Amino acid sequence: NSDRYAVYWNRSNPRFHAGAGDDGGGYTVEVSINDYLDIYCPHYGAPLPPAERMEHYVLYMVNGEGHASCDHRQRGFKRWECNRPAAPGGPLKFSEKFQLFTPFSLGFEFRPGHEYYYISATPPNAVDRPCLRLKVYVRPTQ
């Protein structure tokens, strides 16, 4: 009964609303409890572009303030590293289940009707301005 929502985390994806100087909130996706987000890191096939031009990120889960400001510091948790844009196997894939209850003590829990936020920074920089960002809305029970 679950379903998965794919999120291609890169600047060319118009759902982030980048390239304009105003993403107006960034990426917005609506999910249900026990649904998944599959996040695909930027990926490049042969012939590879110059190494410096490959998008690479650290993804953070943050509060609203972190989301508004694109600054994760003291505002959230490091979640995932998009550090292999030329991975031979394909795009690095990271999944987030919107579970009620976590089996991992440092994992995360979700509730109907609530909002959750993720942002990226480009190492070695702590903050991207403008950053790519994601708001997830978990539907109310119904």
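Position 1 is the first residue in the sequence shown; the rest follow in order.
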Inset, instruction - Look up the CA B-factors in the entry and say which stretch, 81 to 89 or 104 to 112, has the higher mean. - result: 81 to 89
Inset, instruction - Mind pulling up the entry and telling me whether 63 to 71 or 44 to 52 has the higher mean Cα temperature factor? - result: 44 to 52
Inset, instruction - Could you tell me which third, lowest, middle or highest, the C-alpha B-factor of residue 11 occupies within its chain? - result: middle
Inset, instruction - Relative to the other modelled residues of the same chain, rank the CA B-factor of residue 18 and answer lowest, middle or highest third. - result: highest
Legend entry - Among modelled residues of the same chain, the CA temperature factor third for residue 123: middle
